[PDB]
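Participant: The sequence isn't on hand, but the structure is:
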């Protein structure tokens, strides 16, 4: 039982509303604001099947009004990027399973 | 003889003028650093696990 019983297909199924942060160049207080908005945002327009365009229409507009005018946010299963950003303007947090969320302010 | 001291007083009046001053102000925006991140299914799960 515990970790040994737990398989990938059981772990993903067991828990969908988990949260895990990889990088965090942005300030402590501004993360707390964004993290709540993106989680609530994606789950809303997750729909029957996960519209990756629809998710990042909502997150783009929300983070334009909330902070600054030129805010760029991309989500995906898997990808490689190099992205020039301003200081303390970038959060990289992936959602459970196969969802990688990069958000920054250019 | 018609122009007196009590038939033509002679007042002085100026306005208070601030001294002119020449100053420099250079505004340079926050430094912008390149970041490179790769995400694969395993690296997500590895952290998640």
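Facilitator: It's in. Residues are numbered from 1 along each chain as shown, chains lettered A, B, ... in the order given.
Participant: Show me which residues of stretch A:71-90 are buried.
Facilitator: The neighbour-count check on stretch A:71-90 (16 or more other C-beta atoms under 10 Å in any protein chain shown) flags A:71, A:73, A:74, A:75, A:83, A:85, A:86, A:89, A:90 as buried. The C-beta positions use only the backbone N, C-alpha and C, and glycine is treated the same way.
Participant: Quick check: strands, which of these are part of them?
Facilitator: A:71, A:73, A:74, A:75, A:83, A:85, A:86, A:90 (DSSP state E).
Participant: Most widely separated two among those residues?
Facilitator: Spanning the widest gap among these are A:75 and A:86, at 20.8 Å by C-beta to C-beta.
Participant: ok, back up a step: please list which of the buried residues of stretch A:71-90 are also close to chain B.
Facilitator: A:83, A:85, A:86, A:90 (C-beta under 8 Å from any C-beta of the partner chain).
Participant: Near chain B, which residues of chain A are found?
Facilitator: Checking chain A against chain B by C-beta under 8 Å from any C-beta, the hits are A:8, A:11, A:18, A:20, A:22-23, A:25, A:76-88, A:90, A:92, A:94, A:96-100, A:102.
Participant: In chain A, where's the longest helix?
Facilitator: Ranked by residue count under DSSP state H, the longest helix found in chain A is helix A:28-44.
Participant: and residue A:81, how far is that from residue B:46?
Facilitator: Between residue A:81 and residue B:46 the computed distance is 19 Å (C-beta to C-beta, to the nearest Å).
Participant: Could you do residue A:84 as well?
Facilitator: With C-beta to C-beta as the criterion, residue A:84 and residue B:46 are 27 Å apart.
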